[PDB]
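Chains as they are written, first to last, in UniProt numbering: chain V, 450 to 471; chain X, 450 to 471; chain Z, 450 to 471; chain L, 450 to 471; chain P, 1 to 155; chain H, 1 to 155; chain G, 1 to 155; chain Y, 1 to 155.
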Amino acid sequence: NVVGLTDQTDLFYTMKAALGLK
Amino acid sequence: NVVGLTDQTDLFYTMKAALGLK
Amino acid sequence: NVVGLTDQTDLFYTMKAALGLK
Amino acid sequence: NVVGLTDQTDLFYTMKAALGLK
Amino acid sequence: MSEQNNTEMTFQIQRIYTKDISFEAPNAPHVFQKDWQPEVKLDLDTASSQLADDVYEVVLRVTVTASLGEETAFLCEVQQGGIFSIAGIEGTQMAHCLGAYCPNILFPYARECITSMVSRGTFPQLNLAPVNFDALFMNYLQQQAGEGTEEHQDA
Amino acid sequence: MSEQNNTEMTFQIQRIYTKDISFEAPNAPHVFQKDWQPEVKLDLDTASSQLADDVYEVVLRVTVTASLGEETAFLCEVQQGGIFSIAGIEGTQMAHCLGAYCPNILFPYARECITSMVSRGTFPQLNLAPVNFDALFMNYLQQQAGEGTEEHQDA
Amino acid sequence: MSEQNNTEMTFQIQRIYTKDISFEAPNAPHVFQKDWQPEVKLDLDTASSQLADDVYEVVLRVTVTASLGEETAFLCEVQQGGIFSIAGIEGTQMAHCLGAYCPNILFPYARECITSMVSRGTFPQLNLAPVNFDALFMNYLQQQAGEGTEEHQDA
Amino acid sequence: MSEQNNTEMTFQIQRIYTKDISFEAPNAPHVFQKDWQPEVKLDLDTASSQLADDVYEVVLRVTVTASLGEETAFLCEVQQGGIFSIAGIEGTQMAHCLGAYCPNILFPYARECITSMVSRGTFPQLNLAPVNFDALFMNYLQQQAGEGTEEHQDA
Numbered sequence: 450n451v452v453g454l455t456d457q458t459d460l461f462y463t464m465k466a467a468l469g470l471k
Numbered sequence: 450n451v452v453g454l455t456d457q458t459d460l461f462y463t464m465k466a467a468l469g470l471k
Numbered sequence: 450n451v452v453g454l455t456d457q458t459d460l461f462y463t464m465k466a467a468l469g470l471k
Numbered sequence: 450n451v452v453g454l455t456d457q458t459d460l461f462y463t464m465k466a467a468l469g470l471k
Numbered sequence: 001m002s003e004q005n006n007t008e009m010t011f012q013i014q015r016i017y018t019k020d021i022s023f024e025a026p027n028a029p030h031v032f033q034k035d036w037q038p039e040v041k042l043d044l045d046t047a048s049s050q051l052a053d054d055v056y057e058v059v060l061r062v063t064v065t066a067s068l069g070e071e072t073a074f075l076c077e078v079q080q081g082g083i084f085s086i087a088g089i090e091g092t093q094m095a096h097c098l099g100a101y102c103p104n105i106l107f108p109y110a111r112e113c114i115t116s117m118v119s120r121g122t123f124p125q126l127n128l129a130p131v132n133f134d135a136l137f138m139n140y141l142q143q144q145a146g147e148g149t150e151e152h153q154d155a
Numbered sequence: 001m002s003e004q005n006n007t008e009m010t011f012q013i014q015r016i017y018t019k020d021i022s023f024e025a026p027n028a029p030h031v032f033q034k035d036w037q038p039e040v041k042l043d044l045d046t047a048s049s050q051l052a053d054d055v056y057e058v059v060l061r062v063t064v065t066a067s068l069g070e071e072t073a074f075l076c077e078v079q080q081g082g083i084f085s086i087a088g089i090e091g092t093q094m095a096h097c098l099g100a101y102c103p104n105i106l107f108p109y110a111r112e113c114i115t116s117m118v119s120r121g122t123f124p125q126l127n128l129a130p131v132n133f134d135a136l137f138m139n140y141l142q143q144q145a146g147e148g149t150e151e152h153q154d155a
Numbered sequence: 001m002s003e004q005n006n007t008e009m010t011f012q013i014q015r016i017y018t019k020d021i022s023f024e025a026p027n028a029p030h031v032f033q034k035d036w037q038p039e040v041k042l043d044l045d046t047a048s049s050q051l052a053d054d055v056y057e058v059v060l061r062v063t064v065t066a067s068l069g070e071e072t073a074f075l076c077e078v079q080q081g082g083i084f085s086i087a088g089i090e091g092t093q094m095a096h097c098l099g100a101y102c103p104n105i106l107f108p109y110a111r112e113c114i115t116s117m118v119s120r121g122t123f124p125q126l127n128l129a130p131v132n133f134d135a136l137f138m139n140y141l142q143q144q145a146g147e148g149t150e151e152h153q154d155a
Numbered sequence: 001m002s003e004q005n006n007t008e009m010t011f012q013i014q015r016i017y018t019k020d021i022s023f024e025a026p027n028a029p030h031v032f033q034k035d036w037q038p039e040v041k042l043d044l045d046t047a048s049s050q051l052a053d054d055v056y057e058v059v060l061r062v063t064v065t066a067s068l069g070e071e072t073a074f075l076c077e078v079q080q081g082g083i084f085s086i087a088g089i090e091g092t093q094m095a096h097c098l099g100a101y102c103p104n105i106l107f108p109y110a111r112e113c114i115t116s117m118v119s120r121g122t123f124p125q126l127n128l129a130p131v132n133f134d135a136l137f138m139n140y141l142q143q144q145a146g147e148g149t150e151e152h153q154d155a
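See the structure below:
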């Protein structure tokens, strides 16, 4: 009401790595 | 051997629970 | 009327299995 | 340099209520 | 398989694990604003699976729901599967094992998978009542049939 | 107007919960850079308490100890309690209530509460195997007989 | 335009809770033949809603795809929702609130919920790394690499 | 010794984990008779440990002592330790990061570990509000004054 987003379905999360499955 | 059956939508019983959820 | 608990001090089950670890 | 700490057991706040006890 | 005599009765649990889990609380913030009056209706469904020769799997789908008429508070459904290494028995005797006893083994696990699920969703704890599938099966079997064969001798 | 079949057992779950939770990895960063070879020493315990007349409190204390030789990785413990209103059965059956039937209810909850703590301390998946405390209690106290399963099915 | 000043702002967490849990193990009975950590593939969606005035309810969606070799192991999806009563922020500040900060609060709970369902499916350990939504949000508003072109010249 | 990494500001979160957890429900079923949100007192205690060169851990101790009526309800404390690779910042700027920002990264996970044990002990949920330790640290530093006779005289 005071505010309102586009409701970002598509995010921006980037990482040069993985979980580290050992 | 101990096999040769199939699936079935419910056995023969639902059960109607009712806790003190107030 | 039925149950009168005192205490319990015996674990007959000494455990003979692991948690999948080696 | 890298480090340079000066920690104390008292920090920020205490709060003997929080949340909103109904 | 090379079977040249008769494999005798055996019950071993190979594995127990949830093959499917589902939780739907779309009206989770709605019921926060509503009065807490849920209709906790249980729905028992059972599935069967042949993994190998004499390796048989039973999946107890415990579908829990709570809906006040038009609005659903939560839905907590768990297909608690269990692989069982069993042999020696078959037919109606086995229909008791896989159709009553084996889902009754899976039932504490499915109970908890739902009980934890509702508590994670910020719904009051739901401990499902102990359902004796075996007793219920006796009613389907031949209307009670026998039951109460508990000889009862201590060590 | 007659005492018809005493053996029905009035069992109702009142409330299941953790009396106590613990996880101890004092050497956690140092033990993470260590060789993985844990001596999985499980310490199981079951203790019961009378709260009121026939109001039965059961607790299941499951402790996991992972020692990589001399070096302990972690010490986790959960005491999964459970209040249960109970009547109908007594003697060796009262002993089997705390002996198996109630710890069996509490067992999957005890398991998940540990595995949570293990994952929090960022160690691998530790899951306790299905222990049928009933079958194991029968050798201890009360050799209990099974279900009165008859041979019959018509469809 | 946004004619609002003074970096005060305010919200209080009204409720944190899971709205959805999902765990589908389609290959499960057969895929366990491969004892290995199944290859992790992450997905993240973020939603919000309006319950009442200044009361916004953000939903964090995490989806984890995993496979042993070239066949599926498990699929675990959780949606950690949360009610937050926000005021003072607007423009870029409100986009930072419901688009980054509000999910970032919900993230530890979504993590423990995924790991729970993976544990229930008897699959290897899953711990997702802390994603700083707020930091990567700041970079989203430019969609470019950071400018720090300098000449240290160390030779 | 990989000391003082000078190639833009470095801050790589290597790991989040619990080094210690303790939940006690001392009077658990007796105190549930008072089914109410217990009077809570939270405590914060900071710690930190150099693991290697530029590798610095922060251990956040988050405590919750709660009580219903004249007796204790629930006890909780979690030492949420976190490994952080820090460089490019030094002295007071690094102390601002390590004694405010890094505990603020540990704080969602600290809260979550507590919240889960409160719901496992079946006490009403504990969603602690998120505090900006960064700004509060600045206002904490500028406090060295002995003026202002705090009397308080009721009549």
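No residue lacks a Cβ here, since even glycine has one placed at the ideal position from N, Cα and C.
Cβ of residue i within 8 Å of Cβ of residue j?
i        : j        : result
G:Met117 : P:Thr18  : yes
Y:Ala47  : G:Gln12  : no
P:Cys113 : P:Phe84  : no
H:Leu106 : H:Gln80  : yes
G:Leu141 : V:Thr463 : no
Y:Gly91  : L:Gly453 : yes
Y:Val59  : Y:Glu77  : no
P:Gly146 : H:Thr149 : yes
H:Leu126 : Z:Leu460 : no
H:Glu57  : H:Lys34  : no
X:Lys465 : P:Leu75  : no
How would you list, in chain order, the residues of chain P whose beta-carbon sits under 9 Å from the beta-carbon of residue i?
i        : result
H:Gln153 : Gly91, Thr92, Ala95, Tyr140, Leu141, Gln142
Y:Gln125 : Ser119, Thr122
G:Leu51  : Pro29, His30, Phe32, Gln33
Per DSSP, residue i forms a beta bridge with which residues?
i        : result
P:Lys41  : X:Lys465, P:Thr65
H:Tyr17  : H:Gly81
P:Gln4   : DSSP lists no partner for P:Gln4.
H:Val59  : H:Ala47, H:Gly81
H:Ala87  : H:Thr10
P:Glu151 : Paired residue(s): none; P:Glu151 is not in a bridge.
G:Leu75  : G:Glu24, G:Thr65
Can you tell me which of the options puts its alpha carbon nearest to the alpha carbon of residue i?
i        : options                             : result
H:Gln37  : H:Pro124, H:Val131, H:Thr149        : H:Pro124
Y:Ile16  : H:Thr7, H:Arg15, H:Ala28, H:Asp134  : H:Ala28
H:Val40  : H:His30, H:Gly148, H:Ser67, H:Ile89 : H:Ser67
Y:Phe32  : Y:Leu98, Y:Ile89, Y:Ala73, Y:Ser22  : Y:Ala73
P:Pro26  : G:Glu150, G:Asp20, G:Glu3           : G:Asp20
G:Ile86  : G:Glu3, G:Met1, G:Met9, G:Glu150    : G:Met9
G:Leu98  : G:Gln50, G:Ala110, G:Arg111         : G:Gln50
H:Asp134 : H:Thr115, H:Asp43, H:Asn104         : H:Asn104
P:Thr65  : P:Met1, P:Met138, P:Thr115          : P:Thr115
G:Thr7   : G:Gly88, G:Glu57, G:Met1            : G:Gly88
Taking the beta carbon of residue i as the centre, do at least 16 other beta carbons fall within 10 Å, making it buried, or is it exposed?
i        : result
Y:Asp54  : buried
H:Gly82  : buried
P:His96  : buried
G:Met94  : buried
G:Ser119 : buried
G:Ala100 : buried
H:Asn5   : exposed
X:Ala467 : exposed
Y:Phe23  : buried
P:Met138 : buried
Going along chain G, which residues have a C-beta under 7 Å from residue i?
i        : result
Y:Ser116 : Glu112
For a contact defined as C-beta to C-beta under 9 Å, what are the partners of residue i on chain L?
i       : result
Y:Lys41 : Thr463, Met464, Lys465, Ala466, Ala467
Kindly list, in the order they appear in chain H, the residues whose Cβ is closer than 7 Å to that of residue i.
i       : result
Y:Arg15 : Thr122
I want to verify the contact list: residues of chain P whose CB lies under 8 Å from the CB of residue i, in sequence order.
i        : result
H:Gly146 : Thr149
Please list, in chain order, the chain V residues whose beta carbon lies closer than 7 Å to that of residue i.
i       : result
G:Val62 : What G:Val62 touches in chain V: nothing, since even the nearest Cβ is about 10 Å away.
Closer than 9 Å by beta-carbon distance: list the chain H residues that pair up with residue i, in chain order.
i        : result
P:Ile105 : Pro130, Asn132
Which chain Y residues sit within Cβ distance under 7 Å of residue i?
i       : result
H:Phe84 : Going along chain Y, no residue has its Cβ under 7 Å from H:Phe84, so there is no contact; the nearest lies around 11 Å.
Given that residue i touches chain V, what residues does it touch there, using C-beta distances under 8 Å?
i       : result
G:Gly69 : Those do not exist, as G:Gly69 stays about 13 Å from chain V at its closest Cβ, beyond 8 Å.
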